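Residue numbers for the sequence shown follow mature numbering (1 follows the signal peptide of the UniProt record, and there is no 0), beginning at 39 and rising by one. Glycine included, each C-beta is placed from N, C-alpha and C at the ideal position. Here the structure is laid out as structure tokens; the discussion comes afterwards.
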Amino acid sequence: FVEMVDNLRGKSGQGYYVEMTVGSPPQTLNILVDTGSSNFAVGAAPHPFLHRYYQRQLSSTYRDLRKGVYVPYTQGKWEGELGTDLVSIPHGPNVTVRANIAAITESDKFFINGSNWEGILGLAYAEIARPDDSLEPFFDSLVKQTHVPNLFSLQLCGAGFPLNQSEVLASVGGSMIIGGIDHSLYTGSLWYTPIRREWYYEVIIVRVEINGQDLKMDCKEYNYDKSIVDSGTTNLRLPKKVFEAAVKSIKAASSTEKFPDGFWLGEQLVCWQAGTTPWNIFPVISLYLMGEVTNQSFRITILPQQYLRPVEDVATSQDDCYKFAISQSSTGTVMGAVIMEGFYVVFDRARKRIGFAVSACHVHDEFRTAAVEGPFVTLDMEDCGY
Ligand SMILES: CC(=O)N[C@]1(CC(C)C)CCN([C@@H](CCc2ccccc2)C(=O)N[C@@H](Cc2cc(F)cc(F)c2)[C@H](O)[C@H]2Cc3ccccc3CN2)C1=O
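Written out as structure tokens, the structure is:
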């Protein structure tokens, strides 16, 4: 899986894209990696933030299916024209697949300026595919048409510092291994949590700690509505009654310093002199996830280094600045790209399970470290579901 290593680029706050070609002859695009939708869609008409876009008029294997499609995201939404065409991944499995492709004709707050991607690959399951589950998502088509196993995995890799458009193009930014696990991406063992159900990648969260302290809530409040792993999500999104309790902790604990109220709502940045950021006053966070054995479970611990998100200075100087990358949700938890940045993540479609290991890629400091640890024998698991 050497040929596959390092095939991502991008960062938490603008997305992790990978290169695909579509069409005959093949046309190149960077596609956003999004495990938290299921449409494969590419931009098709001119767009200020688009430096290239899919051109059907130009590909002899294109197939139009005379059907519209509207995809609303939580914020942002596009409109499109369903069709099919030949697809490949240059730095991925050595195959050509025919796949449903929405041609985006109209866009609102979807695309991201300087993000350097032009489509999105919904890596989730058919049930949530728009217009309807009859639209075979890209990975499904990938597996039915060839010999790639029914698993893919994501190592997403944040810098620990803000990166400019030059540098992100230039950075190696992560790996998508389509159809395999690769040993050089993580340390430790993989611990698996079951996928509850094949729509999103919905997991069950069992317990939450802040610097070892149990947030002490009703189980199901944590997974209220749903709990998903979403690489197409910038932050750790938490249900309001969980958010508020969580933020009360990190506030309690990081008490030695005083932060604007707006840093906590996620909007305003905070800065410290070059290299003097006090990671030490901030708590780590533990997500407890149900295990594959009945009434057994494990844990993922993430540092301020994953949840304080590096952003450029308020005038580009040598200060080190950040946004608080945990925010409110009224749709369940969303284990987003800053959390995912801490682990090697295996989407074992075949075994209905999701893999976690300490990423050979995460940002630590010499005193603490991201962890995947278990087993734990906490009770009351079997009805944390919603
Ligand atoms: C705001 C931010 O900083 N970053 C992004 C990520 C950018 C960096 C790539 C931008 C949008 N956004 C959230 C909304 C969060 C938010 C929340 C409140 C306010 C503002 C932002 C989001 O909708 N993500 C979708 C992917 C995506 C990428 C993209 F570029 C454009 C786009 F429209 C969509 C998922 O597929 C999603 C859909 C979904 C749909 C239904 C149920 C669950 C889920 C759960 N998963 C991020 O997290």
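Counting Cβ pairs closer than 8 Å, one from the segment 326–337 and one from the segment 240–251, do we hit at least three?
yes
Nearer than 7 Å: is that true of the beta carbon of residue 150 relative to any heavy atom of ligand 2?
Among the ligands modelled here, namely ligand 1, ligand 2 does not occur.
Backbone CA spacing between residue 332 and residue 386 [nearest angstrom]:
19 Å
Leaving out the 5 sequence neighbours to the left and right, which residues in its chain are closer than 6 Å to residue 350 when beta-carbon positions are compared?
200
Report buried or exposed for residue 74, applying the criterion of at least 16 other Cβ atoms within 10 angstroms of its Cβ.
buried
Measure the Cβ-Cβ separation of residue 410 and residue 381 and say whether it is below 8 Å.
yes
Would you say the beta carbon of residue 170 is closer than 7 Å to some non-hydrogen atom of ligand 1?
no
Which runs of the beta strand (DSSP E), 3 residues or longer, sit entirely within the segment 280–355?
308–310, 323–328, 335–340, 346–349
Taking 7 Å as the line, does the beta carbon of residue 369 fall inside it for any heavy atom of ligand 1?
yes
Cβ-heavy atom distance, residue 306 to ligand 1, below 7 Å:
no
Residue 216 and residue 131 look like a contact to me (Cβ under 8 Å); what is the Cβ gap, rounded to whole Å?
5 Å
Give the DSSP-derived three-state secondary structure of residue 87 in the structure shown.
coil
With a threshold of 16 other CB atoms inside 10 Å of the CB of residue 41, please say whether the residue is buried or exposed.
exposed
Residue 308 beta carbon less than 8 Å from that of residue 359
yes
Can you give the Cα-Cα distance for residue 93 and residue 51, rounded to whole angstroms?
28 Å
Output the distance between the C-alpha atoms of residue 122 and residue 46, rounded to the nearest integer angstrom.
25 Å
If you run the structure through DSSP and keep just helix, strand and coil, what is residue 234?
coil
Could you tell me the distance, in whole angstroms, from the CA atom of residue 276 to the CA atom of residue 372?
7 Å
For residue 361, count the other beta carbons within 10 Å of its own beta carbon; 16 or more makes it buried, fewer makes it exposed. Which is it?
buried
With H, G and I counted as helix, E and B as strand and the rest as coil, what does DSSP make of residue 62?
coil
Does ligand 1 have a heavy atom nearer than 7 Å to the CB of residue 111?
yes
Counting only runs of 3+ residues fully inside the segment 131–166, write out the beta strand (DSSP E) ranges in chain order.
135–146, 157–160
As assigned by DSSP and simplified to three states, the class of residue 127:
coil
Can you grab the Cα-Cα spacing for the pair residue 262 / residue 374, in whole Å?
16 Å
With hydrogens ignored, establish whether the beta-carbon of residue 70 is closer than 7 Å to any heavy atom of ligand 1.
yes
Nearest-angstrom Cβ-Cβ length linking residue 55 and residue 61, presumed shorter than 8 Å:
The pair is not a contact, with the Cβ atoms about 18 Å apart (cut-off 8 Å).
Whole angstroms is fine: what's the gap from residue 431's alpha carbon to residue 416's?
A question about residue 431 goes unanswered here, because the residues of the chain that appear run from 39 up to 424.
Would the beta-carbon of residue 145 be found less than 7 Å away from any heavy atom of ligand 1?
no
Spell out the partners DSSP gives residue 359 in its beta bridges.
309, 349
Span separating the alpha-carbon of residue 394 from that of residue 107:
34 Å
Near ligand 1: residue 75 beta-carbon under 7 Å from a heavy atom:
yes
Enclosing beta strand (DSSP E) for residue 429 [first to last residue]
With the chain running from 39 to 424 in the structure shown, residue 429 is simply not present.
Is the segment 186–194 touching the segment 162–175, taking contact as three or more C-beta pairs under 8 Å?
no
Does ligand 1 have a heavy atom nearer than 7 Å to the CB of residue 267?
no
Please confirm whether residue 3 and residue 118 have their CB atoms less than 8 Å apart.
Look at the range of the chain in this structure, 39 to 424, and you will see that residue 3 is not part of it.
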